[PDB]
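Below you'll find the structure, written out as structure tokens, and then a few comments.
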Amino acid sequence: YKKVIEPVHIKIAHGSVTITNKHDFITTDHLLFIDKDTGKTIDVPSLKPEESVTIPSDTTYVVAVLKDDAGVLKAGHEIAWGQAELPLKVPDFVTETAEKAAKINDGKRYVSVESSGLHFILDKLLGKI
Amino acid sequence: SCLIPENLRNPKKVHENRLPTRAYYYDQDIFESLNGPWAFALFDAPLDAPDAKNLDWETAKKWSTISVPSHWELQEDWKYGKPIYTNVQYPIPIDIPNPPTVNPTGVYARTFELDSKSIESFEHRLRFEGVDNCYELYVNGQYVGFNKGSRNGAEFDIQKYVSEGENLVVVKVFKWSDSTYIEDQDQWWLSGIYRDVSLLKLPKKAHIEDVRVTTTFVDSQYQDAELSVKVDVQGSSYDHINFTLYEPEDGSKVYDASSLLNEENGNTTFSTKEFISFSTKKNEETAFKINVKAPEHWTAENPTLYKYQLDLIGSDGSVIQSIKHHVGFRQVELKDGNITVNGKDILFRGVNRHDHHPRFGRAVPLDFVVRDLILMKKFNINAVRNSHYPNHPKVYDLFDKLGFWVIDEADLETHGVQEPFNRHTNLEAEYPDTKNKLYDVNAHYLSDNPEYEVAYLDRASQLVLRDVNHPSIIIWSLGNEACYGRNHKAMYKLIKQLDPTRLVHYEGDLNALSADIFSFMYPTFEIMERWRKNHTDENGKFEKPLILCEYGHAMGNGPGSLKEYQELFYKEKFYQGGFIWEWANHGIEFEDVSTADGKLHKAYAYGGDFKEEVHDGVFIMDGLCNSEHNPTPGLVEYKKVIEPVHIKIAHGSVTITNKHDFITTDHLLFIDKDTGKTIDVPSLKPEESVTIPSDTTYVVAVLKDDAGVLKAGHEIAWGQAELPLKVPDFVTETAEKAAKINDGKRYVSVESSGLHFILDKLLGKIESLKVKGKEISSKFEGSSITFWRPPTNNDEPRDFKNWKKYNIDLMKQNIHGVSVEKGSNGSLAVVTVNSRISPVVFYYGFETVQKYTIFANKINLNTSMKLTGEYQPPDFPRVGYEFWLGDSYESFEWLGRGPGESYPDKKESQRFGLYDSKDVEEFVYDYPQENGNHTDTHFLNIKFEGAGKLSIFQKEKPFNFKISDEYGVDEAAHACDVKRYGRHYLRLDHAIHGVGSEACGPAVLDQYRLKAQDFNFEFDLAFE
Amino acid sequence: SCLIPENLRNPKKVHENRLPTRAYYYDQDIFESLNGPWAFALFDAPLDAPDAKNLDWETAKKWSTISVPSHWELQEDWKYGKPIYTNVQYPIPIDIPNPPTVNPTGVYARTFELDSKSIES
Amino acid sequence: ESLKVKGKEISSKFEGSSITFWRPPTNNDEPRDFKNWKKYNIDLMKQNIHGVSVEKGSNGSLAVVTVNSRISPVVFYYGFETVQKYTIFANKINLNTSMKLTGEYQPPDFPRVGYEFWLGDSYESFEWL
Ligand SMILES: OC[C@H]1O[C@@H](O)[C@H](O)[C@@H](O)[C@H]1O
Ligand SMILES: [Mg+2]
Ligand SMILES: [Mn+2]
Ligand code: NA
Ligand code: NA
Ligand code: NA
Ligand code: NA
Ligand code: NA
């Protein structure tokens, strides 16, 4: 719920961060915007209700946080955030394809595959490892 | 050493400009609270902190806020560091009187508003109830003063510095100073303004500064009393004082958290039932003495109070100021070598209580202290020791109203001076009659150091003068573990000078050269007994009594042998009881990664968890209550041993002895639990007894009506007739049934109708036993009979070392021969297993014979174990079987001690009865260790879903059992670290080692030790 | 102690039918190596091991192989357990002269070919 | 904090004290010497500064910085009244170290005594006689 009702929208696409103030009355001036990829703050102009700004940036992840203690909230409290969409990258695991002899036993019920560092048994009756 | 400020390294600089200590009284009309959010910044050391003479509110305004009162090591996300636990060792280097140069400095700032009329009408003060370690105070950019003494209060005159409108308060707080050396209690190191801050507005022209109330009996017969009231009024513009004493409210008054904490006055009419009035006359002494006609005695068992109102009255006849408080008519004396209250030689049923809260630390809300005290009363406690410093001033009224004998203790421990000595000389043990010679050698650093005299005296002066009007305080204590020196004598002289009405305690002063009482901690009975005899003369007279200011160390599973201590207390007039160490574990709530789970869990921190350079580990976890301040089995056991009424049932009789000090048994309802009907018991005075003939087995003594903080029906005491071990009338099936017996190569099989028994001959292991739909099997790792338990805190220093050394956890069963024969006298088969049970690497072990006699519906298991070989261990943790319970397993029920756990030297609070596992909340230890054993078990029923029960009993002697799914307890640091199997097991034990208090105190007593010897025992496994 | 075989618990049973010790000399013409892969199976204790008086090559043939010479605690993937290091302490209980009843037993098997002339020569 | 002379930078490797005494225990250290050193908290030696004196150079030096401190581990009395005198030249820094052993309950020996410095990013190799 805290996320969907966040009073500031942060959108990251096409080398840009678009920040829209979605409060009813207050500006964004009390908030510190951090580029989470570098840890350094982004200088964001004071935005009124419904005003927005597009800032060009290489960032992936931006957080909007409280500058100082205010009300019952502490400095550093997270009001809003945004992320650029993360593409699914295939991890660079290296499959061992070297020619290693393997002992294969296709028994009555159980099938066995044994090699160096490997032991695989499947129950043919059940489809069970 | 100019890089460390002068005042932080000067033991004589105890304060600057602090007002003299006066008796504490809270007044809603005078006290304005300055608690709440304050601007705050932390600095590495004093030189990084701003000069407060130039700090604006506009500058400070911009800082983060912290809430006062609180410790700065206990903040959201550990923003300002973490707690540090040390017992003895100082967390700093010793270079008296220098603190480290790197010295965390917190600066606090807030504002408050002042009226035009306020400055005209009132003298303005600031009062700080407690700040750790010390601080300087500024108002409106101007230096007001300085203060030391972390658990003492302080007031400062603010009138000169105050302005109309906005006023600025700045407090510079330092973590270390010369004072650190005398504040080395076994507790968490925590800092900050951790107690209330208040703005006091006192009437300007004249006001009540101090009051002194004493009640002294005129007579040897403790009837008529002199009430003395001395008032110190400040200023000229007053006429006289009025005093009104009201009719008493009996100590049996009902209280709750709400009425105890109610702070309302002003327009609330205090009381009406006038008993005595008195007026001073113009220009005369503002003090008086009046004779009071046979007043109601104040006692811890009956805390009867007379409310009073004291009015300062002007020339026009109006009330300038009022004090509303209470008088407790009581007198403490050292009389014929005993501590005596109202002519009576009392017994301490006591406990040591630190200020501790699992989230707030030493910043304990009053609500929570009330919670503590109610709980104490509910568990038969009558005395509290303020280990080792005064509490929040508002707590002492709670003692007055609820009724506790209180030892109020100076904030002074010097223990750390000993640590290098302990290590340099490889010191292993300290003993109460002998140990003071070890402290003597290092006394010169602090307690015998003339530079510290002013500080030691100040701790004394501050202790007494703030709390001097509370009838519940009967003893002042000079501190704890600060060796013995000239400064202690100086403290003693001052206290007797300031308050002649009470006695002085100091355990470090072995021979009581400057104390009125003898005091031991954790002594053996031998040591108690020698002391008695050396201080009892030929006549049978003694000059001073002995108390145990600390005994029965309550760390983890324990303490053992509270019974034997109590027997000693009642037997000799020389012993006046003691105080358990301690009330509660000092655990701090935090988030721990689980060893069982790989996930984050709520847990309670001790040393090491906050990653301290140096720490003392689990030694902070030594309470009768857990970190969350709830009763452990330790407290349950304590309530029983200290019960103030004895109920003995033997020979068709109930003998009832009143063991209170003052009150009768009249408020108690005695119930015959076998019939539910009450027993008419005559009114018994202290030490009186009556024998009543009855057929009863079980008698309970219970409260007739709500009284104090206890409810009608609350159990004070109980007694049972001893229960003989009856063989259950289970019917063994001995009918001739053919049985299929297969004695294979490795496995032996016995099959019959409703029965399947498989034994692995190679291991001595029951692969499976399935009788009438119910299944068990051996829980086997090395041996079918195991000896190990997860070491308790008490086991750790010695017994565990021995058991580990002798490889008791690595016991192996080596099978020699298995014999299989057809049944004879109704049995289906006899399987006999011959083996040696012995750990790897050792000679010692048991020539073992396990005979399984198998019936259709029962299995008889006869175990013979014969101890053989050189180099044996002294004792074992336990000896018994471990069985996996089948998937069907659902609950258990037993005849024996309950509802909770019991151990040989910690069992008598668990009365005999039939108990159901479902009715019991299993106790979770904060530090995982041996738990959940049930001793003196007559029989055990284990229920299987839709298959009836398995009944288990031992021949001729009751047994021990545990049923759980837990493992990895040894390695588990916290409750969340405990691993759990996918099924339950039964730990079925012939015997189990006692529990003791050896973490700090005597070893498990000889008659409770499971000594190395032969074992012979027979079990029946009877299937429904 | 009949669940542990007599010869494993008899200090005097140093050997049975071993030839007397003689000075060692390697000779290529006399020594034929039997090193290489051998059929092998591990058992918990002697009583689980097969009676060798009835063990065929056809039966043993089907087992996994281990290479001789080698330790069985030093195999691919620790197939047959791991090494144990003790200095002084015995890794077993002391009950001289008994070994533990649980006593890892490895059975090795292989074949070799013999000539008509070889047995004569 | 930093010493940068002619493009070369060093600084104190600091955890508690500028003069440290600890070494990773050898196998030979383990049974006794390590036990002693650990017992006496030699790994937790702290340097507590008392005074720092700063004066203009005299015989060709640029400045003289004198540090007065106690070097002592937590929880113990024993330590060294220490004087560290830095005489600073344009191309050289002379460091005079005086350490005076004081206090009751002293350890028998130390693993070592000396300074620890971080080498600057430029660092590439070393050479010694
Ligand atoms: O649990 C250990 C306890 O030992 C006592 O000697 C001491 O007075 C307590 O403050 C506490 O340290
Ligand atoms: Mg202590
Ligand atoms: Mn944990
Ligand atoms: Na401490
Ligand atoms: Na007594
Ligand atoms: Na403790
Ligand atoms: Na544990
Ligand atoms: Na060895």
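Each chain in the structure tokens gets a letter, A, B and so on, in the order shown; residues start at 1 in every chain, and ligands are counted from 1 in the order they appear.
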Q: Report the residues of region 754-989 of chain B whose backbone DSSP state falls under strand (DSSP E or B), written as an MDAnalysis selection string.
A: chainID B and resid 755:760 765:771 774:778 785:786 811:822 829:839 845:854 858:868 875 878:885 889:897 903 906 912:916 934:937 939:944 948:954 959:967 979:989
Report as a PDB file with N, CA and C atoms, in the first residue's frame the set of chain B residues whose atoms approach chain D to within 10 Å, with distances computed over only C-alpha atoms.
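Once written, result00.pdb looks like this:
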ATOM      1  N   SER B   1      47.824  16.729  30.703  1.00  0.00           N
ATOM      2  CA  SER B   1      46.857  16.066  29.763  1.00  0.00           C
ATOM      3  C   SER B   1      45.764  17.045  29.343  1.00  0.00           C
ATOM      4  N   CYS B   2      46.133  18.055  28.561  1.00  0.00           N
ATOM      5  CA  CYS B   2      45.189  19.109  28.180  1.00  0.00           C
ATOM      6  C   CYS B   2      44.216  18.753  27.027  1.00  0.00           C
ATOM      7  N   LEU B   3      44.473  17.649  26.316  1.00  0.00           N
ATOM      8  CA  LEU B   3      43.527  17.145  25.298  1.00  0.00           C
ATOM      9  C   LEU B   3      42.325  16.413  25.890  1.00  0.00           C
ATOM     10  N   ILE B   4      42.331  16.231  27.205  1.00  0.00           N
ATOM     11  CA  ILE B   4      41.145  15.768  27.895  1.00  0.00           C
ATOM     12  C   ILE B   4      40.818  16.816  28.948  1.00  0.00           C
ATOM     13  N   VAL B  88      33.268  -7.603  34.878  1.00  0.00           N
ATOM     14  CA  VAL B  88      34.328  -7.067  35.729  1.00  0.00           C
ATOM     15  C   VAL B  88      35.186  -6.080  34.942  1.00  0.00           C
ATOM     16  N   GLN B  89      35.837  -6.570  33.886  1.00  0.00           N
ATOM     17  CA  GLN B  89      36.793  -5.793  33.090  1.00  0.00           C
ATOM     18  C   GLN B  89      36.271  -4.417  32.670  1.00  0.00           C
ATOM     19  N   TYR B  90      37.073  -3.377  32.877  1.00  0.00           N
ATOM     20  CA  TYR B  90      36.754  -2.057  32.349  1.00  0.00           C
ATOM     21  C   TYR B  90      36.825  -2.109  30.824  1.00  0.00           C
ATOM     22  N   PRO B  91      35.917  -1.406  30.142  1.00  0.00           N
ATOM     23  CA  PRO B  91      35.959  -1.340  28.684  1.00  0.00           C
ATOM     24  C   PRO B  91      36.943  -0.279  28.178  1.00  0.00           C
ATOM     25  N   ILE B  92      37.669   0.333  29.110  1.00  0.00           N
ATOM     26  CA  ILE B  92      38.667   1.363  28.819  1.00  0.00           C
ATOM     27  C   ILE B  92      39.999   0.898  29.419  1.00  0.00           C
ATOM     28  N   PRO B  93      41.127   1.533  29.043  1.00  0.00           N
ATOM     29  CA  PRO B  93      42.369   1.240  29.782  1.00  0.00           C
ATOM     30  C   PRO B  93      42.366   1.911  31.163  1.00  0.00           C
ATOM     31  N   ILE B  94      43.046   1.313  32.135  1.00  0.00           N
ATOM     32  CA  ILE B  94      43.139   1.908  33.477  1.00  0.00           C
ATOM     33  C   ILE B  94      44.329   2.856  33.593  1.00  0.00           C
ATOM     34  N   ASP B  95      44.019   4.127  33.828  1.00  0.00           N
ATOM     35  CA  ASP B  95      45.007   5.164  34.063  1.00  0.00           C
ATOM     36  C   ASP B  95      44.348   6.214  34.948  1.00  0.00           C
ATOM     37  N   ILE B  96      43.988   5.787  36.149  1.00  0.00           N
ATOM     38  CA  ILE B  96      43.249   6.617  37.084  1.00  0.00           C
ATOM     39  C   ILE B  96      43.959   7.957  37.327  1.00  0.00           C
ATOM     40  N   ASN B  98      42.228   9.257  34.596  1.00  0.00           N
ATOM     41  CA  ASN B  98      41.976   9.689  33.223  1.00  0.00           C
ATOM     42  C   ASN B  98      40.998   8.790  32.473  1.00  0.00           C
ATOM     43  N   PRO B  99      40.007   9.406  31.804  1.00  0.00           N
ATOM     44  CA  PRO B  99      39.201   8.690  30.828  1.00  0.00           C
ATOM     45  C   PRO B  99      39.959   8.643  29.504  1.00  0.00           C
ATOM     46  N   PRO B 100      39.510   7.810  28.551  1.00  0.00           N
ATOM     47  CA  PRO B 100      40.154   7.879  27.246  1.00  0.00           C
ATOM     48  C   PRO B 100      39.980   9.266  26.624  1.00  0.00           C
ATOM     49  N   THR B 101      40.939   9.655  25.789  1.00  0.00           N
ATOM     50  CA  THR B 101      40.852  10.887  25.031  1.00  0.00           C
ATOM     51  C   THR B 101      39.710  10.819  24.019  1.00  0.00           C
ATOM     52  N   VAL B 102      39.567   9.675  23.357  1.00  0.00           N
ATOM     53  CA  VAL B 102      38.415   9.432  22.500  1.00  0.00           C
ATOM     54  C   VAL B 102      37.255   9.079  23.415  1.00  0.00           C
ATOM     55  N   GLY B 416      36.463  -3.557  38.448  1.00  0.00           N
ATOM     56  CA  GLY B 416      37.460  -3.625  37.379  1.00  0.00           C
ATOM     57  C   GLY B 416      38.929  -3.566  37.767  1.00  0.00           C
ATOM     58  N   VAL B 417      39.237  -2.943  38.908  1.00  0.00           N
ATOM     59  CA  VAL B 417      40.614  -2.896  39.406  1.00  0.00           C
ATOM     60  C   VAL B 417      41.214  -4.286  39.631  1.00  0.00           C
ATOM     61  N   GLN B 418      40.342  -5.275  39.823  1.00  0.00           N
ATOM     62  CA  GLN B 418      40.734  -6.652  40.116  1.00  0.00           C
ATOM     63  C   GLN B 418      41.161  -7.448  38.904  1.00  0.00           C
ATOM     64  N   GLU B 419      40.639  -7.103  37.731  1.00  0.00           N
ATOM     65  CA  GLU B 419      40.801  -7.954  36.553  1.00  0.00           C
ATOM     66  C   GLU B 419      42.245  -8.250  36.129  1.00  0.00           C
ATOM     67  N   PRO B 420      43.104  -7.218  36.003  1.00  0.00           N
ATOM     68  CA  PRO B 420      44.500  -7.525  35.672  1.00  0.00           C
ATOM     69  C   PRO B 420      45.172  -8.432  36.710  1.00  0.00           C
ATOM     70  N   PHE B 421      44.829  -8.232  37.982  1.00  0.00           N
ATOM     71  CA  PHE B 421      45.332  -9.042  39.093  1.00  0.00           C
ATOM     72  C   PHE B 421      44.879 -10.490  38.932  1.00  0.00           C
ATOM     73  N   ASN B 422      43.584 -10.665  38.673  1.00  0.00           N
ATOM     74  CA  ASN B 422      43.009 -11.977  38.425  1.00  0.00           C
ATOM     75  C   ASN B 422      43.734 -12.709  37.304  1.00  0.00           C
ATOM     76  N   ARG B 423      44.097 -11.974  36.260  1.00  0.00           N
ATOM     77  CA  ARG B 423      44.752 -12.580  35.109  1.00  0.00           C
ATOM     78  C   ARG B 423      46.248 -12.792  35.335  1.00  0.00           C
ATOM     79  N   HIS B 424      46.903 -11.824  35.964  1.00  0.00           N
ATOM     80  CA  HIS B 424      48.336 -11.917  36.233  1.00  0.00           C
ATOM     81  C   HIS B 424      48.678 -13.077  37.161  1.00  0.00           C
ATOM     82  N   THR B 425      47.828 -13.310  38.160  1.00  0.00           N
ATOM     83  CA  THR B 425      48.044 -14.365  39.164  1.00  0.00           C
ATOM     84  C   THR B 425      47.280 -15.665  38.851  1.00  0.00           C
ATOM     85  N   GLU B 613      34.640  -5.185  21.515  1.00  0.00           N
ATOM     86  CA  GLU B 613      36.049  -5.549  21.611  1.00  0.00           C
ATOM     87  C   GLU B 613      36.257  -6.569  22.724  1.00  0.00           C
ATOM     88  N   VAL B 614      35.766  -6.221  23.917  1.00  0.00           N
ATOM     89  CA  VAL B 614      35.776  -7.096  25.087  1.00  0.00           C
ATOM     90  C   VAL B 614      34.358  -7.177  25.656  1.00  0.00           C
TER      91      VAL B 614
END
Q | Within 10 Å of ligand 1, counting only C-alpha atoms and all ligand atoms, residues as JSON, numbers by chain | A | {"B": [86, 87, 88, 184, 185, 186, 187, 352, 354, 387, 388, 413, 415, 430, 432, 479, 480, 481, 482, 507, 508, 520, 521, 522, 549, 550, 551, 553, 554, 555, 581, 582, 618, 619, 620, 621, 622, 623, 999, 1000, 1001]}
**Q.** region 143-331 of chain B: residues DSSP assigns to helix (DSSP H, G or I), reported as a list in words
**A.**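 Of region 143-331 of chain B, only residues 178, 179, 180, 181, 182, 257, 258, 259, 260 and 261 of chain B fall in helix (DSSP H, G or I).
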Q | Minimum-distance residue to residue 110 (chain C), chosen among C:77, C:56, C:95, C:32 (using only C-alpha atoms) | A |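 Counting only C-alpha atoms, the residue closest to residue 110 (chain C) is C:56.
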Q. What are the residues of chain A that have an atom within 10 Å of an atom of chain C, counting only C-alpha atoms, as a ChimeraX atom specification?
A. /A:103,115-119
With C-alpha atoms retained, write the just-selected residues as a compact mmCIF listing (two decimals), in the first residue's frame.
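Okay, this is what ended up in out-v6.txt:
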# COMPACT_ATOMS: atom_id res chain seq x y z
CA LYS A 103 28.72 -44.86 -16.18
CA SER A 115 30.48 -39.56 -13.35
CA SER A 116 33.24 -37.68 -11.57
CA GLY A 117 31.54 -35.47 -8.96
CA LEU A 118 28.11 -36.61 -10.13
CA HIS A 119 25.47 -39.12 -9.09
Q | Shell of 9 Å around residue 925 (chain B), only C-alpha atoms, local chain residues under 2 positions omitted, as a list in words | A |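 Contacts, in chain order: residues 556, 557, 626, 632, 923, 927, 928, 929, 931, 974 and 975 of chain B.
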Output N, CA, C and O atoms for every residue in that selection, as a PDB file, in the first residue's frame.
ATOM      1  N   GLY B 556      20.117 -19.281  33.681  1.00  0.00           N
ATOM      2  CA  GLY B 556      19.631 -20.419  32.918  1.00  0.00           C
ATOM      3  C   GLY B 556      18.901 -21.441  33.760  1.00  0.00           C
ATOM      4  O   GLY B 556      18.217 -21.085  34.705  1.00  0.00           O
ATOM      5  N   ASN B 557      19.049 -22.714  33.407  1.00  0.00           N
ATOM      6  CA  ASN B 557      18.407 -23.820  34.108  1.00  0.00           C
ATOM      7  C   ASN B 557      18.932 -23.923  35.538  1.00  0.00           C
ATOM      8  O   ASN B 557      20.076 -24.345  35.777  1.00  0.00           O
ATOM      9  N   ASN B 626      12.998 -13.951  32.460  1.00  0.00           N
ATOM     10  CA  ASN B 626      13.694 -13.796  31.187  1.00  0.00           C
ATOM     11  C   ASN B 626      13.832 -12.321  30.791  1.00  0.00           C
ATOM     12  O   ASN B 626      13.426 -11.434  31.543  1.00  0.00           O
ATOM     13  N   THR B 632      10.618 -17.627  34.823  1.00  0.00           N
ATOM     14  CA  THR B 632      11.265 -18.862  34.395  1.00  0.00           C
ATOM     15  C   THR B 632      10.952 -19.927  35.443  1.00  0.00           C
ATOM     16  O   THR B 632      10.391 -19.606  36.488  1.00  0.00           O
ATOM     17  N   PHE B 923       8.319 -23.974  28.355  1.00  0.00           N
ATOM     18  CA  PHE B 923       9.191 -22.811  28.560  1.00  0.00           C
ATOM     19  C   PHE B 923      10.367 -22.761  27.583  1.00  0.00           C
ATOM     20  O   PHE B 923      11.103 -23.743  27.428  1.00  0.00           O
ATOM     21  N   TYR B 927      18.819 -18.387  26.525  1.00  0.00           N
ATOM     22  CA  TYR B 927      19.983 -19.111  26.040  1.00  0.00           C
ATOM     23  C   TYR B 927      19.655 -20.595  26.012  1.00  0.00           C
ATOM     24  O   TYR B 927      19.427 -21.188  27.068  1.00  0.00           O
ATOM     25  N   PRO B 928      19.625 -21.200  24.804  1.00  0.00           N
ATOM     26  CA  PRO B 928      19.249 -22.601  24.664  1.00  0.00           C
ATOM     27  C   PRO B 928      20.165 -23.537  25.445  1.00  0.00           C
ATOM     28  O   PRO B 928      21.394 -23.455  25.335  1.00  0.00           O
ATOM     29  N   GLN B 929      19.549 -24.398  26.243  1.00  0.00           N
ATOM     30  CA  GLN B 929      20.256 -25.352  27.090  1.00  0.00           C
ATOM     31  C   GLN B 929      19.304 -26.484  27.506  1.00  0.00           C
ATOM     32  O   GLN B 929      18.108 -26.445  27.186  1.00  0.00           O
ATOM     33  N   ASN B 931      16.603 -28.606  28.896  1.00  0.00           N
ATOM     34  CA  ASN B 931      15.270 -28.218  29.350  1.00  0.00           C
ATOM     35  C   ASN B 931      14.262 -29.347  29.186  1.00  0.00           C
ATOM     36  O   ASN B 931      14.523 -30.326  28.476  1.00  0.00           O
ATOM     37  N   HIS B 974      20.783 -18.510  20.403  1.00  0.00           N
ATOM     38  CA  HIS B 974      19.499 -17.904  20.712  1.00  0.00           C
ATOM     39  C   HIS B 974      18.370 -18.859  20.364  1.00  0.00           C
ATOM     40  O   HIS B 974      18.576 -19.814  19.615  1.00  0.00           O
ATOM     41  N   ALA B 975      17.178 -18.608  20.908  1.00  0.00           N
ATOM     42  CA  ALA B 975      16.012 -19.475  20.676  1.00  0.00           C
ATOM     43  C   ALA B 975      15.794 -19.781  19.187  1.00  0.00           C
ATOM     44  O   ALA B 975      15.500 -20.926  18.821  1.00  0.00           O
TER      45      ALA B 975
END
Q. What residues in chain B lie within 7 Å of chain C, counting only C-alpha atoms, written as a list in words?
A.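 Close enough to count are residues 762, 814, 815, 816, 817, 838, 839, 840, 841, 842 and 843 of chain B.
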Mind dumping the selected residues with N, CA, C and O atoms as a PDB file, in the first residue's frame?
ATOM      1  N   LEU B 762      23.892 -55.745  14.385  1.00  0.00           N
ATOM      2  CA  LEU B 762      25.151 -55.012  14.288  1.00  0.00           C
ATOM      3  C   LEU B 762      25.206 -53.781  15.211  1.00  0.00           C
ATOM      4  O   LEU B 762      26.268 -53.457  15.745  1.00  0.00           O
ATOM      5  N   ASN B 814      29.238 -51.192  21.254  1.00  0.00           N
ATOM      6  CA  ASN B 814      29.803 -52.251  20.434  1.00  0.00           C
ATOM      7  C   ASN B 814      29.230 -53.614  20.765  1.00  0.00           C
ATOM      8  O   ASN B 814      29.474 -54.156  21.842  1.00  0.00           O
ATOM      9  N   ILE B 815      28.455 -54.152  19.831  1.00  0.00           N
ATOM     10  CA  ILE B 815      27.716 -55.381  20.078  1.00  0.00           C
ATOM     11  C   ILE B 815      28.648 -56.587  20.032  1.00  0.00           C
ATOM     12  O   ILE B 815      29.458 -56.740  19.107  1.00  0.00           O
ATOM     13  N   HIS B 816      28.537 -57.433  21.049  1.00  0.00           N
ATOM     14  CA  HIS B 816      29.336 -58.642  21.103  1.00  0.00           C
ATOM     15  C   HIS B 816      28.558 -59.866  20.662  1.00  0.00           C
ATOM     16  O   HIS B 816      29.052 -60.672  19.869  1.00  0.00           O
ATOM     17  N   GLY B 817      27.345 -60.002  21.188  1.00  0.00           N
ATOM     18  CA  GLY B 817      26.491 -61.136  20.864  1.00  0.00           C
ATOM     19  C   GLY B 817      25.019 -60.844  21.068  1.00  0.00           C
ATOM     20  O   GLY B 817      24.640 -60.084  21.975  1.00  0.00           O
ATOM     21  N   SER B 838      30.898 -47.708  25.481  1.00  0.00           N
ATOM     22  CA  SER B 838      32.156 -47.036  25.804  1.00  0.00           C
ATOM     23  C   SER B 838      32.471 -45.991  24.745  1.00  0.00           C
ATOM     24  O   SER B 838      32.251 -46.235  23.568  1.00  0.00           O
ATOM     25  N   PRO B 839      32.996 -44.824  25.154  1.00  0.00           N
ATOM     26  CA  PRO B 839      33.293 -43.801  24.161  1.00  0.00           C
ATOM     27  C   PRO B 839      34.600 -44.078  23.425  1.00  0.00           C
ATOM     28  O   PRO B 839      35.463 -44.780  23.952  1.00  0.00           O
ATOM     29  N   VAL B 840      34.755 -43.504  22.247  1.00  0.00           N
ATOM     30  CA  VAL B 840      36.005 -43.647  21.578  1.00  0.00           C
ATOM     31  C   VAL B 840      37.085 -43.056  22.416  1.00  0.00           C
ATOM     32  O   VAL B 840      36.882 -42.133  23.126  1.00  0.00           O
ATOM     33  N   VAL B 841      38.226 -43.698  22.331  1.00  0.00           N
ATOM     34  CA  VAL B 841      39.514 -43.289  22.821  1.00  0.00           C
ATOM     35  C   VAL B 841      39.745 -43.586  24.259  1.00  0.00           C
ATOM     36  O   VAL B 841      40.765 -43.280  24.767  1.00  0.00           O
ATOM     37  N   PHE B 842      38.805 -44.251  24.893  1.00  0.00           N
ATOM     38  CA  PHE B 842      38.847 -44.448  26.318  1.00  0.00           C
ATOM     39  C   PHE B 842      38.649 -45.898  26.603  1.00  0.00           C
ATOM     40  O   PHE B 842      38.168 -46.594  25.751  1.00  0.00           O
ATOM     41  N   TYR B 843      39.121 -46.321  27.830  1.00  0.00           N
ATOM     42  CA  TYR B 843      38.961 -47.684  28.341  1.00  0.00           C
ATOM     43  C   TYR B 843      37.596 -47.878  28.994  1.00  0.00           C
ATOM     44  O   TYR B 843      36.968 -48.918  28.829  1.00  0.00           O
TER      45      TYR B 843
END
**Q.** Check: which chain A residues lie within 10 Å of chain B using only C-alpha atoms, as an NGL selection string
**A.** :A and (68-70 or 74-75)
Q: Rounded to one decimal place, report the CA of residue 583 (chain B)-CA of residue 303 (chain B) distance in Å.
A: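 These two atoms are separated by 22.0 Å.
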